[PDB]
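S.K.: Below: the sequence, then the experimentally determined structure.
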Amino acid sequence: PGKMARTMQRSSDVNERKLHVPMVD
Amino acid sequence: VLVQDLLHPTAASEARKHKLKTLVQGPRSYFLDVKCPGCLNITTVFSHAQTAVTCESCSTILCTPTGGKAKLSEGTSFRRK
Amino acid sequence: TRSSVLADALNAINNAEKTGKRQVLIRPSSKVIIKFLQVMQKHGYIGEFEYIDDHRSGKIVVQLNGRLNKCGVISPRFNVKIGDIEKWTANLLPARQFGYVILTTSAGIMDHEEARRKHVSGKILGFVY
Amino acid sequence: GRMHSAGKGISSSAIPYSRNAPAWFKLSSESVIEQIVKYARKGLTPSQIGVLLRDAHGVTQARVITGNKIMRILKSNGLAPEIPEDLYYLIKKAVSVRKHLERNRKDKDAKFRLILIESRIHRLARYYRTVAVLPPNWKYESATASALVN
Amino acid sequence: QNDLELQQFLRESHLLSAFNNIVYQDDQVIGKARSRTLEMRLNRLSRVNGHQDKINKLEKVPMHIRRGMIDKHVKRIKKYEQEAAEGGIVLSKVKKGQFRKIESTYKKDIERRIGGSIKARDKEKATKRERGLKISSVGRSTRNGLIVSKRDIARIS
RNA sequence: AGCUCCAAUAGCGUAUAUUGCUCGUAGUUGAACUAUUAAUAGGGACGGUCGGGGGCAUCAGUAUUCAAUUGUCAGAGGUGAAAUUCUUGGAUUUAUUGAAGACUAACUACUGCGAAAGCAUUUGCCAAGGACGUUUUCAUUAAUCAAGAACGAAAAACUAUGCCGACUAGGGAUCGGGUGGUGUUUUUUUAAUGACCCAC
Ligand SMILES: [Zn+2]
């Protein structure tokens, strides 16, 4: 319960951090 | 009904109160030694008798049950107990 | 209808006492109720009681002064040992020294103080305070 | 309670304190045994037999005038019952009401009261089967009723 | 019952009778009738959103004369109720607090100097009777006595 | 003076999140007691009753509608006033019968009876039911019910609402039965020993 919630907070956080800006190569 | 002991209740109250709510439940009917002049015969009769009891020797109607206590037929000499 | 005879009798006495009468008709009787009234008498929670006999199941009459605050009966008659007597007394009764709880042991029907005195335990009936 | 109904009207005859014979009574054990067994050969119901005793024969109660109860007397003499008189009477009333239903089909009054009497009979037959004086496969029907009352 | 003229006429239906013995409109009404109508209109229209004290402050009168008035009025109402129920009539069913409302009270205008009901007894019946303090901190009370759960036994034993 | 003040000072803020009716089956509750009782537990019988309780015919009240017979001949109806309609082959109306199809008023309510919807003339026939009363019978056979079943005319509703209870006492009223007294009212060798007063 709490473990699932804390891992959810970390995972949603770092997913938001790994999504980034578009770029043309 | 005003207020009373429950231990040894007064005899007037034991008679006036319902016979199931008194201290020891018990009856109120009794028996009658009745004599019929058809043979000058004596019979033992219940006071709330449930059938038309007839005399042993002669065929005379003694009483018909009318509700609680019976009415003896006319011309029979009765005595309590 | 018939919930249990112990519950019926004790509801009758506590009802009439909290109203404030002085003589109560409890009917019918039982030996567990007789010893219940006996221990309540010996701690002085009532006045004096009497078994009136009618040969089916007798009547019980009580003269009680004023002291019955509240007393009842537990439904699941479980097991207790003596540390559980401590925990149960504290969690059931009003306060620490107050009231009594009544036990059915191998030495029959008596409260927890004489029970701890005689070193027994058993099933539990109810409580008086 | 007034089972399968709603009243509280008490209909109970009380019981005396003393369990002996009264004084002015002058009839003996075997003599009332004679009268009860002659009544059993006549063919009435033991309840009514004790009734006509306490009306006519002065017997205040049969068990206390002879330490064996009325059913003990009948089982002793061999006049034992086949099914108890209460269930016999309920069966008779049930088959009478079924006859009324057959003659006048549209009587929902008789329908519902027939449902209630058969409920009562289911309960009482469950008891008589558990004590098992009754054969433990007694399954009531209208033909069984008409054969036991006819 | 959403209409405006209808219900005002409906609750003024006894006032116009009392001050008449039909001019029921708002121009042919004249005098005492009109005064009482205006009072009752503003009464309801302020009662729907006000504080009930300053809405209906009851006008002052010494204690024995007001109690004599309310005694006489309840006596008349009771004799009226008895004559109706003896020679069977129907009547408007009212709540247990207030009195009746008769042509007597409408004409004689007694509501303002006696009131709807005994306000003290009104608050008395509205408050909740005080029970005992909870000692039984473990189980559930029932007619059968205490019931203590096996959850509780697994908690304690 | 480098505006003023305050808090941590080896730590520190920010943000998110938190602390209908009745039967009845499982389950649940469920008399005293060391050929026992018979619980102001339950069933049963019997005696007298009670009821606009139920099914089946049966007899009847009026009213309405139609038909027919006679009466005098000029409107009848309905509405706020109107109108549709009927009314020289005699409308409506008065008298006579006749017939059909619904309802059984005044008595009618402070109620009775049914589990509920429901329930009002008569006499029969049939079959159920409550309560009373019994020194009558059995022997705990009782109870709360979820699933299943039976019963319920089926435009309807539109100001109504009083805390609740394992509930203590009560009072005047009723309805039904019994117990007793007391006199009336009754009547008496003949037919139903009923009504009223009061205490229980
Ligand atoms: Zn003779």
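M.R.: Alright, I've got the coordinates. Residues are numbered from 1 along each chain as shown, chains lettered A, B, ... in the order given.

S.K.: Every contact and neighbour count from this point should use C-alpha atoms.
M.R.: Noted.

S.K.: Go ahead and confirm residue C:73 touches residue E:146.
M.R.: Yes: shown here, residue C:73 and residue E:146 form a contact pair, counting by Cα atoms under 8 Å, at 6.0 Å.

S.K.: near chain B at all, the longest helix seen in chain C?
M.R.: Of all the segments of type helix in chain C, defined by DSSP state H, the longest one is helix C:5-19. No: in this structure, helix C:5-19 remains apart from chain B according to Cα under 8 Å from any Cα of the partner chain; the gap is never smaller than 14.1 Å.

S.K.: residue contacts, the spatially most central residue of chain B?
M.R.: In chain B, the C-alpha closest to the average C-alpha coordinate belongs to residue B:47, at a distance of 2.9 Å (Cα atoms, centre = their mean). By Cα atoms under 8 Å, 6 or more residues apart in numbering or on different chains, the residues touching residue B:47 are B:29, B:30, B:31, B:32, B:69, B:70.

S.K.: Check for me that residue C:24 belongs to a strand.
M.R.: Yes: assignment of residue C:24 by DSSP: H, G, I helix; E, B strand; the rest coil places it within a strand.

S.K.: what's around residue C:111, how many residues?
M.R.: The local packing of residue C:111 (other Cα atoms under 10 Å in any protein chain shown) involves 24 other residues.

S.K.: Looks like it contacts residue C:101 (just checking).
M.R.: Yes: counting by Cα under 8 Å, residue C:111 does reach residue C:101; the two are 5.5 Å apart.

S.K.: before we move on, back to that, pick the one among the contacts of residue B:47 closest to residue D:52.
M.R.: The shortest approach to residue D:52 among the contacts of residue B:47 belongs to residue B:31, at 13.5 Å (Cα to Cα).

S.K.: do you know how far the closest residue to residue C:3 other than its chain neighbours is from chain D?
M.R.: Excluding its sequence neighbours, the residue lying closest to residue C:3 (Cα to Cα, 6 or more residues apart in numbering or on different chains) is residue E:144, at 5.8 Å. Here the distance between residue E:144 and chain D works out to 18 Å (Cα to the nearest Cα, to the nearest Å).

S.K.: ok, residue E:144 - how many residues close by?
M.R.: By other Cα under 10 Å, 19 other residues sit near residue E:144.

S.K.: same check, this time on the one 3 residues further on
M.R.: A count of nearby residues for residue E:147, using other Cα under 10 Å, gives 16.

S.K.: Contact partners for it?
M.R.: If you count contacts by Cα under 8 Å, 6+ apart, then residue E:147 has C:74, C:75, C:76, E:139, E:140, E:141 around it.

S.K.: got the buried residues for the helix or strand that contains residue A:3?
M.R.: Assignment of secondary structure by DSSP states H and E places residue A:3 within helix A:2-18. For helix A:2-18, burial by neighbour count (16 or more other Cα atoms under 10 Å in any protein chain shown) applies to no residue.

S.K.: touching RNA strand F at all, it?
M.R.: No: Helix A:2-18 lies out of reach of RNA strand F by Cα under 7 Å from any atom of the strand, never closer than 8.2 Å.

S.K.: In space, not sequence, find me the middle residue of chain D.
M.R.: In chain D, the C-alpha nearest the mean C-alpha coordinate belongs to residue D:85, at 3.4 Å (Cα atoms, centre = their mean).

S.K.: Check chain A for the residue nearest chain E and tell me.
M.R.: Here the residue of chain A nearest chain E is residue A:1; by Cα to the nearest Cα that distance is 23.4 Å.

S.K.: residue closest to the middle of chain E?
M.R.: Centre-most residue of chain E, counting by Cα atoms, centre = their mean: residue E:98, 3.9 Å.

S.K.: same check, this time on chain A
M.R.: By Cα atoms, centre = their mean, the most central residue of chain A is residue A:15, 2.0 Å off.

S.K.: Name all residues that make contact with residue C:82.
M.R.: Contacts of residue C:82 by Cα under 8 Å, 6+ apart are C:116, C:120, C:121.
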